[PDB]
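One structure is given here, and the rest of the page talks about it.
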Amino acid sequence: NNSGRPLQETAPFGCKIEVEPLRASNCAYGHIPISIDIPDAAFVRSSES
Amino acid sequence: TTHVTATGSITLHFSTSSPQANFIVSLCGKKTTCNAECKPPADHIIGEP
């Protein structure tokens with residue numbers, strides 16, 4: 001009767017809270033460092049391009 | 001060796017040790033200065049001498 005409202009309407013950064021398992025979906029906060037090794041066959045020599 | 005035309009350009013490839021690409025390229029007997037800042041490779045090891 002007095003639980004307060006759920007986190008779906010209280011979690012910051014717009015993250016949509018979901019269960020089974022308890023997890024936060026689509027959180028939007030900070031930045032993500034990313035590194036990507038790519039196979040050189042995906043590029044082309046500057047003379048071909 | 002390359003083909004040539006009355007006008008156009010050749011996209012040449014080169015390998016250099018000096019961090020400046022400061023070298024005189026000779027094309028078909030002409031000489032023209034080229035220079036630019038070359039950066040250190042991303043990979044510290046290469047399978048070629």
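FYI, nothing fancy with the structure tokens labels: chains A, B, ... in order, residues from 1 per chain, ligands from 1 as they appear.
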Practice task
Write out as a VMD selection string each polymer residue whose atoms come within 8 Å of segment 31-47 of chain A, counting only C-alpha atoms; drop sequence neighbours fewer than 5 positions from it.
Solution key: chain B and resid 11 to 13
Could you take the residues named above and write them with N, CA, C and O atoms, as a CSV table (one decimal), in the first residue's frame?
chain,number,residue,atom,x,y,z
B,11,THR,N,49.6,6.8,-58.0
B,11,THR,CA,49.5,6.5,-56.5
B,11,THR,C,50.6,5.5,-56.2
B,11,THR,O,50.4,4.3,-56.3
B,12,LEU,N,51.8,5.9,-55.9
B,12,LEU,CA,52.9,5.1,-55.6
B,12,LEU,C,52.9,4.6,-54.1
B,12,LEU,O,52.3,5.3,-53.2
B,13,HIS,N,53.5,3.5,-53.9
B,13,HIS,CA,53.7,3.0,-52.5
B,13,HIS,C,55.2,3.0,-52.2
B,13,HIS,O,56.0,2.8,-53.0
Practice task
Name the residues of chain A that come out as helix (DSSP H, G or I) in a backbone DSSP run; write them as a VMD selection string.
Solution key: chain A and resid 7 to 9 40 to 42
Could you turn the residues from that selection into a file that holds C-alpha atoms, as a tab-separated table (two decimals), in the first residue's frame?
chain	number	residue	atom	x	y	z
A	7	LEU	CA	12.51	1.82	-10.42
A	8	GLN	CA	11.12	1.60	-13.97
A	9	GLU	CA	9.90	5.14	-13.23
A	40	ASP	CA	43.67	-6.78	-43.29
A	41	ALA	CA	41.86	-8.46	-46.20
A	42	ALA	CA	38.94	-6.17	-45.34
Exercise for the section: Please provide the set of residues having any atom within 10 Å of residue 24 of chain B, restricted to only C-alpha atoms, with same-chain residues fewer than 4 positions apart removed, written as a list in words. Expected result: residues 30, 31, 32, 33, 34 and 35 of chain B
Could you save the residues just selected, with N, CA and C atoms, as a compact mmCIF listing (two decimals), in the first residue's frame?
# COMPACT_ATOMS: atom_id res chain seq x y z
N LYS B 30 62.41 13.09 -64.13
CA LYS B 30 62.22 14.34 -63.40
C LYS B 30 62.48 14.09 -61.92
N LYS B 31 62.70 15.17 -61.18
CA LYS B 31 62.89 15.09 -59.74
C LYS B 31 61.96 16.07 -59.05
N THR B 32 61.24 15.59 -58.03
CA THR B 32 60.31 16.40 -57.27
C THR B 32 60.42 16.03 -55.80
N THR B 33 60.43 17.04 -54.94
CA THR B 33 60.51 16.82 -53.50
C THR B 33 59.16 16.40 -52.94
N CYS B 34 59.19 15.43 -52.03
CA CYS B 34 58.00 14.99 -51.31
C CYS B 34 58.35 15.01 -49.83
N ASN B 35 57.41 15.42 -48.98
CA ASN B 35 57.66 15.30 -47.55
C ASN B 35 56.35 15.29 -46.77
Exercise for the section: Grab the atom CA of residue 19 of chain B to atom CA of residue 42 of chain B distance for me, in Å with one decimal place. Expected result: 14.1 Å
Problem - Near-residue 15 of chain A list (12 Å; only C-alpha atoms; drop same-chain fewer than 5 positions) as a list in words - result: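 Once the nearby chain positions are removed, what remains is residues 7, 8, 9, 10, 23, 24, 25, 26, 27, 28 and 29 of chain A.
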Practice task
Provide the atom CA of residue 37 of chain B to atom CA of residue 18 of chain B distance in Å, to one decimal place.
Solution key: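 Computing it gives 9.4 Å between the two atoms.
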Problem - Residues of chain A in strand (DSSP E or B), written as an MDAnalysis selection string - result: chainID A and resid 16:18 23:25
Problem - Residue nearest chain A among B:4, B:10, B:28, B:38 (counting only C-alpha atoms) - result: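 Result for the nearest residue to chain A: B:10.
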